[PDB]
Each structure stands twice: as C-alpha cells, then as structure tokens.
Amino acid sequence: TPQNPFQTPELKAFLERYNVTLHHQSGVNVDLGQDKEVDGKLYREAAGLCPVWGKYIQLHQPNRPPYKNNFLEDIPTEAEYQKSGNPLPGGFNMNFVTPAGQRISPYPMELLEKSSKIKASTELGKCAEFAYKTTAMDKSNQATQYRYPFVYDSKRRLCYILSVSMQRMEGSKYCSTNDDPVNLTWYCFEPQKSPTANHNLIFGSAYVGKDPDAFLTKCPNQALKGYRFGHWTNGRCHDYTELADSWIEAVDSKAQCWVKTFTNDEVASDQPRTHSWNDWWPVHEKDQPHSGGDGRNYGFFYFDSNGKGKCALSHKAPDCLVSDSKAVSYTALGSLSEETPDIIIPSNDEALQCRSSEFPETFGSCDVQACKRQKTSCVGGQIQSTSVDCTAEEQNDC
C-alpha cells in the first residue's frame, strides 16, 4: 500500500478536528479575529469557534488592597477607581445590570438549566449560548453586533461574561506591572495556562455559542492518550520529532507540555508587538494581525531514547498518528484531560477503533531517507500506526 491509513473519510474528519485553522479560525492565545462597529468606532472582537480549556488572563496589579489579581472581578466603578487611585482595581467581569435590576455576570448554571430559551445540550455549551445572546449596548442604548468573551468556571458552575475583551497588555510605556511604573492607568496582563491552576476555567469567544452543540464534535477538547500527532510524507507517518521545524523541549510532566502548546512564542495569536480607564475593548488598526488560527499550536508529551520527558511542538496540523502508549497529544485549544469531561457530556473517539478481522495489517514502501517503513494494524481494538525496519532487499536503497 502507498496510502495514509488516516486519509479515510471517518479518520480525516477525526484528524481535521485538531486543525485550528479549520474550525476555530481565530487566535487561541489572544483571540481578536473579528471587528464590529459600535457607536461609529470599529472594535476588535473575539471570534473563535472553539472553547479553550484552561486559559485565563493573568493580572499584574500591585500586591496590596484593594487589588485582587483576579480577572473574574467586576470592572471598577468610577468611585471605586477614585478611592483606589492608579491603577484600575477590579477585573474584566461585566458588572452591568438588567432593566429588571438583575445582574448579568456571573450567572448560575442552575438558572440556565431552567431557562427554556437556552437550548444547548451541554453544561459548557449552555454558558456559551448565554454569551452569544449577550450583545453590547451602544451609547444610545441599542443592540449592536459586538459580543463579549465568556469564561465558564466549572468548579463553581458560574458563567462569566467579560466586559473587557483585551487579552494582552505589555510594555512600561503602556501598563504597570506591580505598580512599576507608578501612576499608570492600566496594570499589565496576559493569557495563560497553568500545569496546576484554573483547569476549572474555559475561555471562549461568544461565537463558540452560535451553534452551541457544534464544538462537541468539531473542537479538540480532550487530549489524545497513546498517540503522537504527525504528518504524512514519503509513504509513512512522521511524528513531530522527525520534522525539522519542530521544537523539542524538556518537560518534567505532560502537564508542562500541554501548557507549552499554549505558551510558546509562536502559538496562533492576534496580538501586535506594540488607553483610557473606561476603554474595555481593543480598537481596530490598519495592519493588525489575524492569525486565523495559524501557529505553533500542536505538540505531544513523550519519552526520549533515554526516557527523558520531552515535548514536541509544531506548526503542522496533524494528518496522521504514530501510536505510542506513553505519549499524549495536546493542542493550544484543548484541556489536559484525556477523557471526556462530564461538563460536555449531554445528560440526553469511535474513529480510532478497529477489529483485526476487518482491518488487515499493512506495510508501505521503504522511506529511503529514513530507512523505515509505515506499519498499520489493529492492536487491542485500536489502530496501530508505527515505523519499523525495512526488509534486507529494501535496505539497499538507503
């Protein structure tokens, strides 16, 4: 056989869902992939279709009252900012209230579970849906087409709608970090994922809630236990450790590799390398970057020849897999969890499965440049895709 066993229709859809370019279609680190007009001015907008697991915005407020360094805090009141001085106290969370004097964010899941205008079949999805219904009001109090990002906190079952859509601020000329410099309006912040903290948080653009059931099958929300991502060249599946432009960095735990997919310089991002107190959204500029999901988004935990924990990070959306029991594959979008987390299980994958009787063993031609060949088979109910030795005959072209 000459052909990618993963190029099957069922398998291609499977692999395709790892492709940030293909469904997400916006930055992951910073997501500002759309622009909407509000009150004459044009503003950047989180646009991405996939929820990102474990992402939060880290704050660099000064370590003293009234500062909390927690972006889930209400944005500051004029008075609260008067009483505090610079910089802004509070967080990114929308503190606006209903005409009926009810309060929009956070919002208890139980209420959403018992609202009939919310159709989404999932817990996470319901909250995404809630974000999508939440359009900005203009400066003559009308509905616009601008929508806020959302963070569902699963541990507390609260759905946060974020008034601030800014995801990154850098530079002493622009913001203070720990009140250095001193009289600056804005503290600094950045998107972050941790090996240990905030796995109960899920950052998404409201547009994740457009068709709030889609991301269940189109987004790479879990991690792949037992495979390395890889690309198909020369009739066999090269994992990332064989691709020249990949990054090989030592980690102590898989958790740390998972963070790196999100954290490396080159992860898909919409933030350019260079603000009033009241200004919650980024402005449009003529040349601002839209990654459109392009970037070093992909990697896997694995062990060296010498059993050194290492992490392979790549630009290349995987179009095949190398089976490896102790490896796990991560995207900049997905969680650390290898199993479907039960907040995206409706109360109301299969692609990787096989039987030997149906799926014969197969051998490709020698990839002479590496003197290995592809070997596909069915081992213990699941596709095995490895590289193995070429035959003696074949070896005489290496």
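Numbering starts at 1 and runs along the sequence shown.
The modelled chain breaks after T274 and resumes at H275, leaving 4 to 9 residues of the deposited sequence without coordinates.
Unmodelled residues of the deposited sequence between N348 and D349: 4 to 9.
Taking the PDB entry as given, 275 to 283 carries the higher mean Cα B factor of the two stretches 275 to 283 and 148 to 156. As listed in the deposited structure, the average C-alpha B-factor of 95 to 103 and of 67 to 75 is greater for 95 to 103. Out of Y174, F189, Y227, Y207, it is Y174 whose C-alpha atom has the highest B-factor in the PDB entry. In the PDB entry, the Cα temperature factor peaks, among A250, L321, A268, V182, at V182. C371 sits in the highest third of its chain by CA B factor, as recorded in the PDB entry. In the PDB entry, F363 places in the middle third of its chain by CA B-factor. Per the deposited record, the Cα B-factor of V38 falls in the highest third when ranked against the other modelled residues of its chain.
In the PDB entry, a CA B factor belonging to the middle third of its chain's modelled residues is recorded for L243.
Annotation for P62: CA B-factor lies in the middle third of the chain's modelled residues.
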